[PDB]
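Just the one chain here, laid out as structure tokens, in the form deposited in one PDB entry.
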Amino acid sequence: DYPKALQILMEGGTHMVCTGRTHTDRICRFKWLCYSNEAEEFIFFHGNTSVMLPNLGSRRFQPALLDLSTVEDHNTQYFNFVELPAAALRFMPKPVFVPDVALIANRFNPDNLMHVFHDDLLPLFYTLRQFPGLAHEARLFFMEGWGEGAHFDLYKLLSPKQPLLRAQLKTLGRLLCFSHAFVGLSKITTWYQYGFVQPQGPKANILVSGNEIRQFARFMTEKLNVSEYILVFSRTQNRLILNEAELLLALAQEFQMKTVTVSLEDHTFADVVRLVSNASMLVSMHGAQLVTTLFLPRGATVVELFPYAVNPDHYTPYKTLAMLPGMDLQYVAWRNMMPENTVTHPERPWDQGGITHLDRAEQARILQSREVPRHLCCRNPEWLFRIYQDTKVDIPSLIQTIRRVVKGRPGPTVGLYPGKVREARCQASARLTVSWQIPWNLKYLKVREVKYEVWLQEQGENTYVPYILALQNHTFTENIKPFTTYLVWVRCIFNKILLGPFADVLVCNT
């Protein structure tokens, strides 16, 4: 009923329970959270059942309750509400109730394919799957206040319900109340930051592997109803490969493989995914189209071309993605280092990398610069000048660079850690004997190389002495002193690089 709902709200109030310690990792589950289209402001109504966990009091504004976006820009990211007593509904319009459960988020830039996938789609995908029901029942509300933008068709693949924008809320009524709303997006799937504080680069601690990216890739291919060769990403407008035709022959010749071109302009996104999905190698100028890297099969190679004066190590979103553990991709960066081979466009508008709007002394400085200096966001004019350059690729130079990584023809465990060693014993005679059972999970496992690392510290000292043994039982003779206390740590190693957990330390007396 409406008169039922309106009383639940009028006496009960808003109910907020959020997971996370800080605003950076917070996702809030609300009941009877309301939105004034007049005020353009979310509303928490204090009633007699009303709960606000966390209760930050005035730290709610330092800087905000929640991040609506994954992109830490100190602006679109922030969600906050404004407080009223539920009583005050009497002096206010009649609420319109949103009945179906909502996920309320912000899109940083729904015109850019990298932003769309990295910032929005992968987060939305796994944020929905954090809370039971949401995935198949939730309607997305985008409150940042952009239109559908160039890639809305992709957003629409996440819920089976039509997402709403802020513009569309204005029409629905002057006062909206969500019966059940989640607000915020996990940042767990992010790997890159666009340089708001220090210059752009990979996140310090990446918590997503290839596996979880591929599982999202599977879902997106199937929802695009789309289920050997080198694939070259073309651009028709700007940031061109001036010698496309030469490159297509050179690659075909060098790698003994068919070569296709694909274009975001000239193909449905479904076609792009169909083509990227079975490509053995993907060649592209640095740009948003390379985020389709996440659709490449295991074994494929990414070749990223950078124009004159743009240093590949300063611009590593697609490098970072390709080199994630479990992505099983190879990555090559090639840099145009020959000024004869670049075409600049200084007469263009400022937003397309033009420089005629600047002092003549700055224009000079920019044209003399052989490398774009490191910089903060956003729209740095030297970065734009260079990134909107058209490029003649030096084929011999490209092929050398690819060949340093791809020896032979390009194209096609899960990586389990061991358990603790069990029942670690030690024993003296000066001889120290240490023994242990295999880790429990090893019993049900075939692993090529299985070693045990044993650390030996004389209590008092900080010197550790490592040993890699193959057997479950070893007797230390060398450097072992009588009437001494030894601390002994032990861990199992799969295939040299998968280090398992250490068992409880052993105290051993000689």
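Sequential numbering from 1, following the sequence displayed. We call the rigid core the largest set of C-alpha positions that still match within 1.5 Å between the two forms.
What comes next is about the form deposited in another entry, which is not displayed.
A.B. asks: With the two forms fitted on the rigid core, I'd like to know which residue in 435, 363, 243, 193 is displaced by 2 angstroms or more at its CA between the shown form and the other one.
C.D. replies: Only 435 moves by 2 Å or more at its C-alpha.
A.B. asks: Superposed on the rigid core, does the Cα of residue 491 end up 2 angstroms or more away between the shown form and the other one?
C.D. replies: It does shift by 2 Å or more.
A.B. asks: Rigid core aligned, does the Cα position of residue 6 differ by 2 Å or more between the shown form and the other one?
C.D. replies: Where the cores coincide, residue 6 shows only a C-alpha shift between the shown form and the other one that is less than 2 Å.
A.B. asks: Against the rigid core, is the Cα displacement of residue 220 between the shown form and the other one at least 2 Å?
C.D. replies: Residue 220 C-alpha, core-superposed: shift of less than 2 Å.
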